[PDB]
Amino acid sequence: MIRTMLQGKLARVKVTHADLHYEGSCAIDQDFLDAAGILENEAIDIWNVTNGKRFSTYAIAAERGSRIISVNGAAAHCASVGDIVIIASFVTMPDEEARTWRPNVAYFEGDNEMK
């Protein structure tokens, strides 16, 4: 059987930009994508700690070192600047491999400072 497993997550990042008129996606500092193994154009779930909303979109890269988390397009109705969110991606694989699978998790505090 094939399992769906957490690939990676960015835990408790803060939204830095949110505009309806910008591209419909979530733009993320490439350093953050690197740490969590999340890819350009990959499906992601965003879970909003501040307002409780949960939604799925896809990731794109923002400039390395910018510490940007930009929720744009329709998704701007689901998060505001300052909101604390968790961004996750999932992969599938057979059960035998899933049993020892290790996700890529990065934790954040303050102004999107990775700890």
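In case it trips you up, residue 1 is the first one in the sequence shown, and so on.
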Between 2 to 10 and 105 to 113 (mean CA B-factor, as deposited), the higher: 105 to 113
Test of understanding: from the entry's C-alpha B-factors, which stretch has the higher mean, 66 to 74 or 49 to 57? 66 to 74
Quick one: which of 36, 81, 86, 27 shows the highest Cα temperature factor in the PDB entry? 81
Among modelled residues of the same chain, the CA temperature factor third for residue 15: middle
